[PDB]
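Undergrad: Numbering-wise, the UniProt record's numbering puts 204 at position 180 of the sequence shown, and it's gapless, one number per residue. All C-beta atoms, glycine included, are put in the ideal place defined by N, C-alpha and C. Here's a structure for you.
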Amino acid sequence: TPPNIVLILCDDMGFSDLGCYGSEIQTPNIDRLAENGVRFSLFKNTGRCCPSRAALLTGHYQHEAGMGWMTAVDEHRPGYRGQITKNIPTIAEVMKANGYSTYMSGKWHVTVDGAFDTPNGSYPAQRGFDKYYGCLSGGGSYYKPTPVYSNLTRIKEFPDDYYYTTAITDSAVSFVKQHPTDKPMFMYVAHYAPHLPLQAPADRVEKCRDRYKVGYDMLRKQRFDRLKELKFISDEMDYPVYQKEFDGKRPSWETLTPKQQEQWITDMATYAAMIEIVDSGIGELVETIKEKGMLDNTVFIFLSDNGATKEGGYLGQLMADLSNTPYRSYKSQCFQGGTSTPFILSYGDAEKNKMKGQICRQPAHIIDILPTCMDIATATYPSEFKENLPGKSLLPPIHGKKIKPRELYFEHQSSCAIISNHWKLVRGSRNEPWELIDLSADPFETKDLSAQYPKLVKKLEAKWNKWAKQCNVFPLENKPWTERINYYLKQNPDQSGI
Ligand SMILES: CC(=O)N[C@@H]1[C@@H](O)[C@H](O[C@@H]2O[C@H](CO)[C@H](O)[C@H](O)[C@H]2O)[C@@H](CO)O[C@@H]1O
Ligand SMILES: [Ca+2]
């Protein structure tokens, strides 16, 4: 059979949150996949949950798939349907067409929020997955997610010790146990952790608490120094302290009150525990693949949907500053902090890892997941659809072939970016000017060159506008969350996603 693929996606995890990307968070099972396999330094995602999940599932830019913004509202306009289109197959439908058994555990977040009570054609088990267990929602608690579905069956009752991360791991383990080993398996594990709220069993929090007592300044510099030791960042690079995003008043650890420090420690220890429990679960899933005799014919892939968030509030922004090290800004904008993710690709067969323990510096985007999975599987695109995938297989550069130049596109809430070769043109919103960043010299986006290269600003801006028009990105929208939902509910309260 062609190789099994286990595709693991964490939620709002920052660039340096894994041990193998310089973390104080202990991720021994993920780090072992990295040691066996390859880590990417320049893998980017969209900056937000629903767009990243649409792009991952389709291999297309988010607006082409109908998810320019979020499942919170269907805007009833091209690019912004709050839901993945029927008109582009998902990775599950592609793998199924090539004889794969398809399983998904965890967070979907590409079905319109108004369609949570009855399947509307966009549910996981209607879009290529033979088995699904998880919550369709992008939000909610670890103790009672809603709505939870087993395929198309609504689950209303939960055992008294329910924890969503544990249920995701246990459902994935159960799918592998039941998997007929004469068939290839495609397994998507969409973890909720470390998405808010901050919830974890007390023993795992207390296991993490001590290391956070030193505060974020000591921990953040230590992550930076580990990123140099690990060869993610050149020895000469200065430790970046970001002031712009804190309105010029970034509070040093010593500036917080005792009560604020104690709350930051508890919050970050809880965040760490949430990731450690995912890592324990990855351990369990790897153990199950071994027991089933599947390891030597399995490929593991790990990434995050978007950078760490400041949505938790003031102390949450300081958590996200630490998590996104060395990069600026957060989830929901197109700077490096919101868009940079770890990316690991690990063959269970040691001999199939041609860059064992190394970093691959191929620039890449979450659109690359589907063509990479099709290359692993020697899979053909379903014959009823024209194959127009904009992304690239990432297999050639980890099998010794030369890095290829990329042109990558970003938009979220009128935050916009194009990466073209070593250049990044980026804006925080339509209310902020384009900034031109030389990523080769200035990966932390600290020095705007736009005044120095006005012709290049114009060329990159024109490339971005051509992409945006072609992908149904326009018009841009930046109304904040509640105002935006109310506006489009008023325009058209049909949130059925039919
Ligand atoms: C109640 C309310 O209006 N809160 C909103 C948040 O929902 C929103 O955060 C997003 O929430 C969705 C919910 O499915 C996902 O959890 C997503 O990951 C979040 O980005 C934020 C956005 O800034 O605004 C309010 O807090
Ligand atoms: Ca997310």
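Taking only three categories from DSSP, how would you classify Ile-112?
TA: What you label residue 112 is simply residue 88 of the sequence shown in a count that begins at 1. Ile-112: coil per DSSP, three-state reduction.
Undergrad: Taking only heavy atoms of ligand 1 into account, decide whether any of them is closer than 6 Å to the Cβ of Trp-505.
TA: The residue given as residue 505 occupies position 481 in the sequence shown. Within the cutoff, so yes.
Undergrad: Have a look at the DSSP bridge pairing and note the partners of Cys-358.
TA: Within the sequence shown, numbered from 1, the residue matching residue 358 stands at position 334. According to DSSP, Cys-358 bridges with nothing at all.
Undergrad: So, at 6 Å on beta carbons, what are the nonlocal neighbours of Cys-384 in its own chain, with the 5 sequence-adjacent residues on each side left out?
TA: As a first step, residue 384 must be located in the sequence shown, where it is residue number 360. Excluding sequence neighbours, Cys-384 sits near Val-62, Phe-64, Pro-421 and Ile-422.
Undergrad: Taking the alpha-carbon positions, what's the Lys-428 to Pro-387 distance?
TA: Here residue 428 is taken as the residue at index 404 of the sequence shown, counted from 1. Here residue 387 is taken as the residue at index 363 of the sequence shown, counted from 1. Between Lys-428 and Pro-387, the C-alpha separation is close to 8 Å.
Undergrad: Between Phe-468 and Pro-264, which are expected to be in contact by the criterion C-beta below 8 Å, what is the C-beta distance as a whole number of angstroms?
TA: In the sequence shown, the residue the question calls residue 468 occupies position 444. In the sequence shown, the residue the question calls residue 264 occupies position 240. Right, the Cβ-Cβ distance comes to about 5 Å (below 8 Å), so this counts as a contact.
Undergrad: Restricting to Cα atoms, I'd like to know which of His-203, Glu-335, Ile-108 and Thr-470 is closest to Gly-145.
TA: Start at 1 with the first residue of the sequence shown, and residue 145 comes out as number 121. Closest option to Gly-145, Cα to Cα, is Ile-108.
Undergrad: Does the beta-carbon of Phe-409 have 16 or more other beta-carbons within 10 angstroms, so that it is buried, or is it exposed?
TA: On the sequence shown, position 385 is the one that residue 409 refers to. So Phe-409 counts as exposed.
Undergrad: Any idea which residues DSSP pairs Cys-440 with across the strands?
TA: Start at 1 with the first residue of the sequence shown, and residue 440 comes out as number 416. Its beta-bridge partners are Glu-435 and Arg-451.
Undergrad: Extract the residue ranges of the beta strand (DSSP E) inside the region 104-182, only unbroken runs of 3 or more that lie entirely within it.
TA: The region 104-182 contains these whole beta strand (DSSP E) runs: 125-130, 155-159, 172-174 and 177-179.
Undergrad: If you compare alpha carbons, which of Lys-120, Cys-159 and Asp-466 is closest to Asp-137?
TA: Counting from 1 along the sequence shown, the entry for residue 137 is found at position 113. Minimum Cα distance to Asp-137 is reached at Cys-159.
Undergrad: Three or more C-beta pairs under 8 Å: does that hold for the region 156-173 against the region 212-229?
TA: Cβ pair count under 8 Å is three or more, so yes.
Undergrad: Per the contact definition of three or more C-beta pairs closer than 8 Å, is the region 237-248 in contact with the region 307-327?
TA: Contact fails: fewer than three Cβ-Cβ distances are below 8 Å.
Undergrad: Assign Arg-72 to one of two classes, buried (16 or more other C-beta atoms within 10 Å of its C-beta) or exposed (fewer than that).
TA: Walking along the sequence shown from the start, residue 72 turns up at place 48. So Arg-72 counts as buried.
Undergrad: Which residue comes first and which comes last in the alpha helix (DSSP H) that contains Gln-246?
TA: Looking up residue 246 in the sequence shown gives position 222. Note, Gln-246: alpha helix (DSSP H), 240-253.
Undergrad: Between the Cα of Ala-96 and those of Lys-493, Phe-367, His-133 and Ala-78, spot the shortest distance and give me the residue it belongs to.
TA: In the sequence shown, residue 96 corresponds to position 72, counting from 1. When only C-alpha atoms are compared, the closest one is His-133.
Undergrad: Is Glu-335 near ligand 1, with its Cβ less than 6 Å from a heavy atom?
TA: Within the sequence shown, residue 335 is the residue found at index 311, counting from 1. Within the cutoff, so yes.
Undergrad: Can you list, in chain order, the residues of its chain whose CB lies under 8 Å from that of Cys-44, leaving out five sequence neighbours each side?
TA: The residue you call residue 44 lines up with position 20 of the sequence shown. Closer than 8 Å at the Cβ level, and outside the excluded window around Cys-44, lie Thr-51, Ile-54, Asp-55, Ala-58, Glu-59, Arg-63, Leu-254, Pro-366 and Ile-368.
Undergrad: Quick one: what does DSSP say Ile-427 is sitting in, helix, strand or coil?
TA: Here the question's residue 427 lines up with position 403 in the sequence shown. Looking at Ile-427 - three-state DSSP - the assignment turns out to be coil, as it is neither helix nor strand.
Undergrad: Could you check if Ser-464 is buried or exposed, using at least 16 other CB atoms within 10 Å of its CB as the buried criterion?
TA: Translated into positions along the sequence shown, residue 464 becomes position 440. Looking at its Cβ environment, which holds fewer than 16 other Cβ atoms inside 10 Å, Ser-464 is exposed.
Undergrad: By how many angstroms is the C-alpha of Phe-210 removed from the C-alpha of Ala-116?
TA: Along the sequence shown, one-based indexing puts residue 116 at 92. Along the sequence shown, one-based indexing puts residue 210 at 186. Roughly 7 Å separates the two Cα atoms.
Undergrad: Compute the minimum distance between the beta carbon of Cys-384 and the heavy atoms of ligand 3, and state whether it is under 6 Å.
TA: Among the ligands in the structure shown, ligand 3 does not appear; only ligand 1 and ligand 2 can be found there.
Undergrad: From the DSSP output, which residues share a beta bridge with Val-310?
TA: Residue 310 sits at position 286 when you count from the first residue of the sequence shown. Paired residue(s): none; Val-310 is not in a bridge.
Undergrad: Checking the sheet assignment: what are the DSSP bridge partners for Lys-231?
TA: Within the sequence shown, residue 231 is the residue found at index 207, counting from 1. BP columns for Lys-231 are empty, so no partner.
Undergrad: Considering just the uninterrupted stretch of the alpha helix (DSSP H) at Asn-53, what are its terminal residues?
TA: The sequence position of residue 53 within the sequence shown is 29, counting from 1. Counting along the chain, the alpha helix (DSSP H) containing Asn-53 begins and ends at 52-60.
Undergrad: With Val-213 as the anchor, note down where its alpha helix (DSSP H) starts and where it stops.
TA: For the purposes of this step, residue 213 is taken as residue 189 along the sequence shown, with counting starting at 1. That residue, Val-213, is in no alpha helix (DSSP H); its beta strand (DSSP E) goes 209-214.
Undergrad: Measure from the alpha carbon of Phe-434 to the alpha carbon of each residue in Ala-332, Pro-504 and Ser-76, then state which is nearest.
TA: Mapped onto the sequence shown, residue 434 falls at position 410. It is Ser-76.
Undergrad: Does the region 294-309 come close enough to the region 189-198 that 3 or more CB-CB pairs lie under 8 Å?
TA: Verdict: yes, contact present.
Undergrad: Just verifying my parser: in three-state terms, what is the DSSP assignment at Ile-522?
TA: Within the sequence shown, residue 522 is the residue found at index 498, counting from 1. Coil.
Undergrad: Does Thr-190 come out as helix, strand or coil in the three-state DSSP assignment?
TA: As a working mapping, residue 190 is identified with position 166 in the sequence shown. Helix at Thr-190.
Undergrad: Can you find a heavy atom of ligand 2 that lies under 6 Å from the Cβ of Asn-69?
TA: Position 45 of the sequence shown, counted from the first residue, corresponds to residue 69. No, the Cβ of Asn-69 stays beyond 6 Å of every heavy atom of ligand 2.
Undergrad: Do the CB positions of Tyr-156 and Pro-148 come within less than 7 Å of each other?
TA: Against the sequence shown, residue 156 aligns to sequence position 132. Against the sequence shown, residue 148 aligns to sequence position 124. Result yes, Cβ atoms of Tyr-156 and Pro-148 sit closer than 7 Å.
Undergrad: Does the Cβ of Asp-35 lie closer than 6 Å to at least one heavy atom of ligand 2?
TA: Sequence index remark: in the sequence shown, residue 35 carries index 11 (1-based). Yes; taking the cut-off as 6 Å, the Cβ of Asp-35 has a heavy atom of ligand 2 nearer than that.
Undergrad: Between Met-261, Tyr-104, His-100 and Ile-522, which has its C-alpha nearest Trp-93's C-alpha?
TA: The residue given as residue 93 occupies position 69 in the sequence shown. For the residues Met-261, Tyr-104, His-100 and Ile-522, the minimum Cα distance to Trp-93 belongs to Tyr-104.
Undergrad: Quick check on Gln-382: does DSSP put it in helix, strand or coil?
TA: For the purposes of this step, residue 382 is identified with residue 358 of the sequence shown, where counting begins at 1. Residue state, collapsed to three classes: strand.
Undergrad: For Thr-333, report the span of its beta strand (DSSP E) as first-last.
TA: Translated into the one-based positions of the sequence shown, residue 333 becomes position 309. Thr-333 -> no beta strand (DSSP E), and no H or E assigned at all.
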